[PDB]
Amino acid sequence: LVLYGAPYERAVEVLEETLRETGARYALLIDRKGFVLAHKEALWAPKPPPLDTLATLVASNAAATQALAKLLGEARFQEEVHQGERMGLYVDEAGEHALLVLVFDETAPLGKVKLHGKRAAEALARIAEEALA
């Protein structure tokens, strides 16, 4: 998967609107190998952790949790939320081959992270499908 030109612009605007609606810090669209396709940071937030590193670790986790999903009777998980004391991550599918990642702190309410995250994942899935066909 590779986005450039118009579809890239469109994915970046989705990530921008998603950050405004959720109050999350960083939003990324990544492939399942961990390659960053697009990313946006909230102006107010500090410098993120290295985002390629974050993406590789999220893609490792997505491959690894499939065995557990299969034990529950499904090919893979659709979404996962990992909460620390102060930081959390929401990961959702953007179609078959990509993942939306949102990194948030206590100032994003989780309900919004998940609601606008789902919506963003669907918009990104259309972008990704249209760019792949």
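Start at 1 with the first residue shown and count on from there.
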* With reference to the PDB entry, specify whether the mean Cα temperature factor is higher for 44-52 or for 100-108. => 44-52
* To do: Would you mind comparing 121-129 and 15-23 for me and telling me which has the higher average C-alpha temperature factor in the entry?
  => 121-129
* To do: Please work out which residue in 28, 57, 87, 69 has the highest C-alpha B-factor recorded for this crystal structure.
  => 87
* Where does residue 32 sit by CA temperature factor within its chain: lowest, middle or highest third? -> highest
